[PDB]
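Take a look at this one chain, the form deposited in one PDB entry, written out in structure tokens.
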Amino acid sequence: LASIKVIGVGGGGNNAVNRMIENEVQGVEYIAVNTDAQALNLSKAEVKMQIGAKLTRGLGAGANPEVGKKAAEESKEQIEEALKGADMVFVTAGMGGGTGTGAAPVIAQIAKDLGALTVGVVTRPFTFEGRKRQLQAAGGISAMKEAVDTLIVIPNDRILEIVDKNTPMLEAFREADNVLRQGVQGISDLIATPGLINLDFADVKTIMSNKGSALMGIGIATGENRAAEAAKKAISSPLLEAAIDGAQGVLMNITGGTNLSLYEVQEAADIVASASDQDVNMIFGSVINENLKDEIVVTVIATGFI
């Protein structure tokens, strides 16, 4: 199985890494990277890497991408050494602030230069976060795209379409953390641990080598008709904010409990295939999570959008 590191960069990455650990996501090594020593000390990762100790003295980057970038530059030797040996590196961060925006591209570029298949999974800030955050996030996304093989972008505004109408702001942020965790786990669960219908690493690498950007969609369903319902919810997810038939590559993960059947996996796959372009390169796998009972989760990652 592939050797996989998941790197949480800055506050958005910190929370996503903790959510993966809370969900007992197996087969990956976690590395929390941050300029903010207080936040870093709340990481559940065993490897906690403080960057920019001299520059920022543990105080964070103050929403300044240049300080995030220079912090990662300060610590480039340590970052390179931590990443050495990985076949694949996920770099997770929230865009718009200082450390995510500035450090995540530096870290991703280091991983990519080492030869790791490098996948960024990042949030674009909620519009309510304001103009400075939006502008800085656009800069980070552009930098991230240069530094990775595939960048999966989670449009946080779309979460607001998904959650209940009176959801407090704190809970909207909490859901963004969960979506980042779902983005990484959707891919890693199919390659990091044994399974009946895993994915071939080489095939993941091919779908993750497309240009342009990538998006994700998530569907969850229970009971009768769950496989079809979950798949339909995934392809119609507000998160997948382009028509899936525009994608060059599609990866589908269906996860269920021990009762997940061949018939259900096929049903879900057929829905996603049918919605996608006729000439799409689509790959899929299934995961048994024995902690699930009657729910199934379908995650779709679509790459190579114009």
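Throughout, we count residues from 1 along the sequence that is shown. The term rigid core refers to the maximal set of C-alpha atoms that superpose within 1.5 Å between the two forms.
- 135 to 143 and 220 to 228 differ in mean CA B-factor, and the higher of the two is recorded for 220 to 228.
- On average the C-alpha atoms of 271 to 279 have higher B-factors than those of the other stretch, with 63 to 71 and 271 to 279 being the two compared.
- Between the residues 53, 39, 31, 243, the entry's highest C-alpha temperature factor is the one at 243.
- Residue 258: CA B factor lies in the highest third for its chain, per the PDB record.
- Remark: residue 298 belongs to the middle third of its chain, ranked by C-alpha B-factor as recorded.
- In the PDB entry, residue 168 places in the middle third of its chain by CA B-factor.
- Annotation for residue 85: C-alpha temperature factor in the highest third relative to the rest of the modelled chain, per the entry.
- Residue-level temperature factors show residue 196 in the highest third of its chain, judged at the C-alpha atom.
Quick note: we don't show the form deposited in another entry, though the next part is all about it.
- Of the residues listed here (193, 142, 78, 236), only one shifts its CA by 2 angstroms or more between the shown form and the other one after fitting on the rigid core, and it is 193.
- Residue 115: CA moves less than 2 Å between the shown form and the other one after rigid-core fitting.
- When the rigid core is held fixed, the Cα atom of residue 178 travels less than 2 angstroms between the shown form and the other one.
- In the other form, the separation between the C-alpha atoms of residue 212 and residue 150 shrinks by 3 Å or more relative to the displayed form.
- Relative to the displayed conformation, the Cα-Cα distance from residue 210 to residue 109 shrinks by 3 Å or more in the other form.
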